[PDB]
Structure formats: structure tokens, C-alpha cells
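Take a look at the structure set out below.
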Amino acid sequence: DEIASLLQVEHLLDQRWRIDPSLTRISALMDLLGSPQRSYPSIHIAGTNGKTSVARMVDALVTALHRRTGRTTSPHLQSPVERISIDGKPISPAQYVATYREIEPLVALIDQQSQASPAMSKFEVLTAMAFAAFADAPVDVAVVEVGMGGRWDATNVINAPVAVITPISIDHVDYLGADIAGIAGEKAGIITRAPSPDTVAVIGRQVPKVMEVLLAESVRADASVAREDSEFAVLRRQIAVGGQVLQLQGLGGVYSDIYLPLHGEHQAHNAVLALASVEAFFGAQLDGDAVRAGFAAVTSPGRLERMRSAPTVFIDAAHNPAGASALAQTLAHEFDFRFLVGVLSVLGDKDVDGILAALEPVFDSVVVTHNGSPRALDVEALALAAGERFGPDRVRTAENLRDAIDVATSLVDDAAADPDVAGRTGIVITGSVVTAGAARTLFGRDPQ
Ligand SMILES: Nc1ncnc2c1ncn2[C@@H]1O[C@H](COP(=O)(O)OP(=O)(O)O)[C@@H](O)[C@H]1O
Ligand SMILES: [Co+2]
Ligand SMILES: [Co+2]
Ligand SMILES: [Co+2]
Ligand SMILES: [Co+2]
Ligand SMILES: [Mg+2]
């Protein structure tokens, strides 16, 4: 019945689905709520890739330093409870429902005042729920991931003392040409002038035109800036059983023998970015044992996460060229597979061709399918896209994800039976958050 109540809430929220760049609705709602989102400090995270992983690393580090955290991330993989976490764990379905019920009369009032002056969007309501729940807990620090962009995102009502910008590239596609400067500018909108110490902008690796824009906006916000490879850096990294071992230069010095239980060079970069952000937040050197303990406790469900071995099955949320490239490089560099089959479903607003082109060098073949989202590309369209990069001989189709996994499985069994192929095989389920999340539920894992 807890689960059932949660389903009732989601059914309503899903009926909501216009933009409000002035942040009028969510600002009004926060006023009615008593401005809960101003009653704790936040670390605020924007960018194209690594936002969620960095958010979870920040949470882990702040928790290892023994402050009580709240964390809001998006999208969710399996259950919307994942979007609001306290003390490093999703809240329960009962708490999620109680949070919605407690703000609902004020949400209804904004919905009505708005339509008498558009309803509030589902993201606006989720964001208000996270902020209310953080004040209900209460937390010492909130870690807040942008839903989309930054400047006009519903989370952008917090004036965060630390703003973090992870690597920026293309993800959502409106045009063939890219306004990388306009893209950078929107995300920079979370770097705000402090009322207090000046805001700190902590910036991961960027292309030059992006960096220029971010530095300009940091100047407009009076923000201090820390940049990867100038103020902090990954110094050394070794692959290790279960992940990797790092030596990081943070803002307060060198931290050594950091074991991070996640695969991928990109996760090393997300780690040092998270470290510099937590250092900035506390004014850092941080206790090195607490930094080692926080990193060791990091999870990032659905980011190159292994569901089993013999055969190995990975799930990965990659849904843009930069992420599919990080995934392909990790599979090639940190493992020794003799045969890999991809199981793929991708949403229609992504750079599908860029995703396939990054994965073609590592997937011996691919099974394309539909992950159940209304926004997913249909199987026939994805099959043709795949065919253009893989050749039709390396492409198969399946009506749904469970079928697609069964197809991949028989391909990997055949490879295993093929003396000059794999007589060290794996299946990689990717292409979307929804694809990764649905697969995670098929493999029976609880939301994290
Ligand atoms: N720094 C990074 N660079 C490139 N790809 C990344 C990075 N961090 C994560 N990824 C890839 O992007 C996917 C989504 O990662 P996540 O940490 O959820 O980012 P976001 O919250 O920005 O969407 C991951 O599965 C992984 O493939
Ligand atoms: Co995310
Ligand atoms: Co669009
Ligand atoms: Co010690
Ligand atoms: Co053979
Ligand atoms: Mg994305």
C-alpha cells in the first residue's frame, strides 16, 4: 500500500507534463512554503555528463565528513523515490507520498493562481518536494542536481554557495549546428552572486569556447573559480579490482590511495571535481581518511554497473556521444572482452548516430529494441540507424527489453561455443536512462 500510494501520486504528477524561464511558479510556491530551500546551504550541479555521478560523490564525501545530507538527482532509473535522498539513501515510498501531500494544497493554489493570472510541471513539483523534505529532515547540506540547463531550471532558486559545472557537450538535439556558447551560458546561470563568502564555481574539463563563457559568467557573479587542471587535477590513476585507485590534487593538497569502486577514466574526473567542490564548500586540507572513506562508499547505479558475470552484463545510462564514447573506452581499456553484444534503446531527441558511432568499435553486434518510454525511438527507426553504422549483419531487433536480452544472450552463448571467438563475453545494455533503469529492475536490484 506504500507502493500503491506512491503509484497514485505518480499517476497525478504524470498528468501535468509551459516553460517558465522567469521561475515565477516555483518561486511563488517556495514563498508559500516558507522558503525551505533557503534554510540550508546547497552545492548545485550543472553540466552535460557526470552530474548525477558527481552529485552522489559529493553526498558520499559530505557524509564521510559526518554532515547530514539531502540530495536531489534526476532523472530516476527505477523509482521516483531515487530523486530525493537523505543521509545517502532514497526516502521511502511512504515519505515520498507524505511529502507530496504536505505541499499539495500550496501546489494547488499556485496551479489555480497561475491558470487565473499553465499548471506547475512535474519537475517543479518534484523539486519543491525535495526542498521541503530537506527542511523536514532537516539536513546540514543539500546536494542539488539541475533538471536541465541551469539558468531557468526549477532548482535555480537556491543561490548556492558552491556551483559545479561538469563537462559540457551535446545531449538534447534541437539543431544540426551547435550553439556551444549558448549552451554554456544557460548552465552558467546557476553561478549566482552571494548575499557571506563569494560563490565558488568549480569547473570540470571544458572546450575553450565553453570555458570562456563560464569564466565570463563567473566574473559577472563575483564568483571565485577553481578549474580542473589548474586548481585541482587527477595526478595518477591505476585500474584495480572493482574500479580504480587514484591520486588526486584537490584545493587543499594531494590525497593518495583513493579507491573508487567505479569503472572509467571519466569517473576519475568526476571524483576530483566532487572533491574540489566539497573542499570549496568547507573552505579547504580535509581529513584524508574521510576523503578515502567517502570515495570508497560511492555508488552510481546504472553507470557502467555490472548486473552479473558469466556472462558479464553491464547496464549504462549513456545517451549522448560523450557518454557512449566514455562507455566504449572503458569497455576496451579496463576489461578484456573477446565478444560484446549491445542491447540498445534510445530516446528520439538524442544524437542517435553519434551514440552508435562511438559504440560500433566495441560492440561486435547490437540488438535494438524499445525501452517502453513514449519518447523512445521506434525499433525500425533505431534498427536502420544502427544498420548505417554497423552494417545490417551486426544488427538484430527485439520487440521489448526482455526479449532483447534473451537475443543478446543467445549471441553470447554462440560466441562462447565458437572456438576462434570466445570458445570473456558480455552484454551491454545502454542508450538511455530508461533502458538502464528498466534493465536494473529486470535484474531485481532495489532502487539506490
Ligand atoms: N565526466 C563524464 N564524461 C563522459 N561521460 C560521462 C561522465 N560522467 C558520466 N558519464 C557517462 O554519462 C552517463 C550518465 O552519467 P550521469 O553521471 O548520470 O550524468 P548526468 O547526470 O549528467 O546525466 C553515464 O552512464 C556514463 O556513460
Ligand atoms: Co543526472
Ligand atoms: Co528541444
Ligand atoms: Co588514519
Ligand atoms: Co569460428
Ligand atoms: Mg543527459
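As shown in the C-alpha cells, the chain order sets the letters A, B, ...; within each chain, residues go from 1, and ligands are also counted from 1 in the order they appear.
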Original post:
Skipping near chain neighbours, those fewer than 6 positions away, what residues fall within 9 Å of residue 372 (chain A) using only C-alpha atoms, listed as a PyMOL selection string?
Top reply: chain A and resi 400-401+434-435+438
**OP:** Set the cut-off to 8 Å, count only C-alpha atoms and all ligand atoms, and list whatever residues fall near ligand 5 as a count of residues only.
**Re:** 4
**OP:** For region 126-131 of chain A, please output as a ChimeraX atom specification all residues within 7 Å (counting only C-alpha atoms; exclusion window: fewer than 6 positions along the same chain).
**Re:** /A:36-37,72,84,99-100,154-155
Original post:
Can you list, as a PyMOL selection string, every protein, DNA or RNA residue that comes within 12 Å of residue 341 (chain A) when you count only C-alpha atoms, leaving out same-chain residues fewer than 5 positions away?
Top reply: chain A and resi 311-314+331+359-368+390+394-396+404-415+424-430
**OP:** Identify, on the basis of only C-alpha atoms, every residue whose closest approach to region 223-225 of chain A does not exceed 9 Å; exclude the query and any residue fewer than 6 positions from it along the same chain; express the result as a list in words.
**Re:** residues 191, 192, 193, 194, 198, 199, 200, 201, 202, 203, 215, 217 and 231 of chain A
Original post:
Running DSSP on the backbone, which parts of region 201-321 of chain A land in alpha helix (DSSP H), as a VMD selection string?
Top reply: chain A and resid 208 to 220 265 to 282 288 to 296 321
Proximity of chain A to ligand 1: per-residue shortest pair, 8 Å limit, only C-alpha atoms and all ligand atoms, as a tab-separated table:
```
residue	atom	partner	partner_atom_place_in_ligand_line	distance
A:46	CA	ligand 1	22 (O)	7.5
A:47	CA	ligand 1	22 (O)	6.0
A:48	CA	ligand 1	22 (O)	4.8
A:49	CA	ligand 1	22 (O)	3.5
A:50	CA	ligand 1	8 (N)	3.1
A:51	CA	ligand 1	22 (O)	3.6
A:52	CA	ligand 1	21 (O)	3.6
A:53	CA	ligand 1	17 (O)	3.7
A:54	CA	ligand 1	17 (O)	6.5
A:73	CA	ligand 1	21 (O)	7.5
A:74	CA	ligand 1	21 (O)	6.6
A:75	CA	ligand 1	21 (O)	7.5
A:145	CA	ligand 1	21 (O)	7.6
A:166	CA	ligand 1	1 (N)	6.7
A:167	CA	ligand 1	1 (N)	5.9
A:266	CA	ligand 1	1 (N)	4.5
A:267	CA	ligand 1	8 (N)	6.0
A:269	CA	ligand 1	1 (N)	6.1
A:270	CA	ligand 1	1 (N)	5.4
A:300	CA	ligand 1	17 (O)	7.3
A:302	CA	ligand 1	25 (O)	6.5
A:303	CA	ligand 1	25 (O)	4.0
A:304	CA	ligand 1	25 (O)	6.1
A:316	CA	ligand 1	25 (O)	4.6
A:317	CA	ligand 1	25 (O)	4.0
A:318	CA	ligand 1	27 (O)	4.0
A:319	CA	ligand 1	13 (C)	6.7
A:320	CA	ligand 1	12 (O)	7.5
A:322	CA	ligand 1	4 (C)	5.1
A:323	CA	ligand 1	5 (N)	3.6
A:324	CA	ligand 1	27 (O)	5.7
A:325	CA	ligand 1	5 (N)	7.2
A:326	CA	ligand 1	5 (N)	5.0
A:327	CA	ligand 1	27 (O)	5.1
A:433	CA	ligand 1	14 (C)	7.6
```
Original post:
For ligand 6, which residue out of A:19, A:97, A:173, A:219 is the nearest one, using only C-alpha atoms and all ligand atoms?
Top reply: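 So, comparing all the options, the nearest one is A:173.
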Original post:
With only C-alpha atoms as the basis for distance, which of A:214, A:422, A:265, A:56 is at the shortest distance from residue 236 (chain A)?
Top reply: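 Closest residue, counting only C-alpha atoms: A:265.
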**OP:** Can you tell me which residues come within 9 Å of ligand 4 when counting only C-alpha atoms and all ligand atoms, ideally as a PyMOL selection string?
**Re:** chain A and resi 287-290
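What separates CA of residue 28 (chain A) from CA of residue 182 (chain A) is a distance of 27.5 Å.
If you measure from each of A:417, A:278, A:77, A:296 to ligand 2 using only C-alpha atoms and all ligand atoms, the closest one turns out to be A:77.
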